[PDB]
């Protein structure tokens, strides 16, 4: 896909059913919620987290916290299925020592989108981003270090895993408005699992 980035198409296909079962378990403790940006806007994507740290929004500035600001309780621990799939994907991508301490779970309803951004809330740039697609297909935008750099448009389907790091760790990326559709395992949405090393 780019220097230090690759797309493992259908890599998580066999694990998908189990991953989704665990998403449901995580959501039981920390429900999906549409976060409000530091700017005061409700995101179309619904999110939740598991692992030691969870990505969240604050009155002013994104940040990681071990506490779910909605439930006021710790985020659920990282499911075994998540941990194992993530490490296998990272190894295949060329990052064998990846040890994530956070997993952001995104749920896209039809029309939902995640505008172009950089994952720049993690201090240790040596750790890659492992992104798992589940359910409905979406168009993933992958660019460069500048918001105006040319964008690649790649369809991401159920089971696809994208890993980026090294030279492309801070590349801009996003998801275009989700097209309506149906998928036997997620029904009416697309889920995405984003593993990161947010601390240390």
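Positions refer to the first chain, counted from 1.
Looking only at CA atoms, which has the higher mean B factor in the entry: 93-101 or 116-124?
According to the PDB entry, the answer is 93-101.
Report the stretch with the higher mean CA temperature factor, choosing between 160-168 and 146-154 on the basis of the entry.
Looking at the recorded C-alpha B-factors, 146-154 comes out higher on average.
Maximum C-alpha temperature factor per the entry, among 51, 137, 31, 39, belongs to which one?
Largest recorded C-alpha B-factor: 39.
Which of these, 185, 23, 12, 178, has its C-alpha atom at the highest B-factor, as the entry lists it?
So the option with the highest C-alpha B-factor is 185.
What third of its chain's C-alpha B-factors does residue 133 belong to: lowest, middle or highest?
Answer is lowest: the recorded C-alpha B-factor places it there.
Ranking the modelled residues of this chain by C-alpha B-factor as given in the entry, is residue 44 in the lowest, middle or highest third?
Residue 44: CA B-factor falls in the lowest third of its chain.
Splitting the chain's C-alpha B-factors into thirds, which one does residue 87 fall into?
Residue 87: CA B-factor falls in the highest third of its chain.
CA B-factor placement of residue 61, once the chain's modelled residues are sorted into thirds:
It falls in the top third of the chain.
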